[PDB]
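Right, one structure below, let's go through it.
2 protein chains.
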Amino acid sequence: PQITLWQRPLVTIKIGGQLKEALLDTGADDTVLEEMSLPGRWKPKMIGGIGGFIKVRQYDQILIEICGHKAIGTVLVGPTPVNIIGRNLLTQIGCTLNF
Amino acid sequence: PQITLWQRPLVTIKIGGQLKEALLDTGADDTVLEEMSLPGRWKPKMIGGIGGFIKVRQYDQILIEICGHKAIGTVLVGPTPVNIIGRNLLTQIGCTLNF
Ligand SMILES: O=C(N[C@H]1c2ccccc2C[C@H]1O)[C@H](OCc1cc(F)ccc1F)[C@H](O)[C@@H](O)[C@@H](OCc1cc(F)ccc1F)C(=O)N[C@H]1c2ccccc2C[C@H]1O
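Below you can see the structure in the form of structure tokens.
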């Protein structure tokens, strides 16, 4: 589809068998979701944005469905104020910026 | 133009007769640039990101050229890690997300 930017570009995603709301964020290098339980081992990481850095748990090889599209990639979990779908997964669904 | 997201969506902008690099960020509600001098009076604003909040200066009716497209709107100035072009200006240039 084609998404306008008059409002925040929020979409529904399916992960770990759960439906959540997330933001399509071209300014985010990676994908970060609010605290939740995911399978497998994880690695600690620090990510920075406006305001500073936060510590997150890094999980690799996670399957996510974005608007009916299946994508696989690294997913970070931590105290983010909103669920963020970053570039690492946006590329997999063939998302582009156009004007 | 059509921009893929395999790399950061950086473009050249022109403001105050100077060329700068900025990120096209659909996840940012507003446009914020690194410390610089702009004309007129400013008002205070607080913006929150992934790591907390930062105080910025708000300037209105500022001319800014993005990838050749002229836009006139609100620009925030403050301790941002990178120059960010937010939805307020992305909509002025007709930018949309597609997949
Ligand atoms: O921190 C960032 N990337 C980092 C990131 C994020 C997730 C995972 C990894 C990485 C690392 C880095 O890319 C991005 O900023 C630029 C940025 C880019 C970069 F390239 C390096 C450092 C940077 F600061 C960030 O994802 C923004 O896309 C956006 O974050 C999601 C979000 C959306 C909301 F609607 C509300 C709250 C919220 F938090 C955000 O902070 N929006 C707020 C904002 C911004 C400017 C003006 C006003 C307002 C109010 C909000 O909209």
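Chains A and B are the protein sequences, given in the same order. First residue of the first sequence: 501, per the UniProt record's numbering; consecutive thereafter. First residue of the second sequence: 501, per the UniProt record's numbering; consecutive thereafter. From the three backbone atoms N, C-alpha and C, an ideal C-beta is built for every residue, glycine too.
Contacts that residue i makes with chain B (C-beta to C-beta distance below 9 Å)
{"i": "A/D525", "result": "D525, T526, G527 and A528"}
Proximal residues to residue i (C-beta, below 6 Å), its chain only, five neighbours per side dropped
{"i": "B/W542", "result": "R557, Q558 and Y559"}
{"i": "B/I554", "result": "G578 and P579"}
Interface flag, residue i vs chain A, CB-CB below 9 Å
{"i": "B/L563", "result": "no"}
{"i": "B/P539", "result": "no"}
{"i": "residue 656 of chain B", "result": "Outside the shown range of chain B, which is 501 to 599, sits residue 656 of chain B, and nothing can be said about it."}
{"i": "B/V577", "result": "no"}
{"i": "B/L533", "result": "no"}
{"i": "B/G594", "result": "yes"}
{"i": "B/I513", "result": "no"}
Residue i versus residue j: straight-line alpha-carbon distance, rounded
{"i": "B/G552", "j": "B/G578", "result": "14 Å"}
{"i": "B/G573", "j": "B/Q561", "result": "5 Å"}
{"i": "A/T512", "j": "A/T531", "result": "14 Å"}
Cβ of residue i within 9 Å of any chain B Cβ
{"i": "A/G573", "result": "no"}
{"i": "A/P544", "result": "no"}
{"i": "A/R557", "result": "no"}
{"i": "A/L505", "result": "yes"}
Interface partners of residue i on chain A, CB under 8 Å
{"i": "B/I547", "result": "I550"}
{"i": "B/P501", "result": "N598 and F599"}
Residues of its chain near residue i, where Cβ-Cβ distance is below 7 Å and the 5 sequence neighbours each way are ignored
{"i": "B/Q592", "result": "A571 and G573"}
Chain-ordered chain A contacts of residue i [CB-CB under 7 Å]
{"i": "B/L510", "result": "Those do not exist, as B/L510 stays about 11 Å from chain A at its closest Cβ, beyond 7 Å."}
Only counting runs of 3 or more residues, tell me where the beta strand (DSSP E) segments fall wholly within the UniProt domain "Peptidase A2" (520-589) of chain B, in order along the chain.
Within the UniProt domain "Peptidase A2" (520-589) of chain B, the beta strand (DSSP E) runs of at least 3 residues that lie entirely inside it are, in chain order, 543-549, 552-566 and 569-577.
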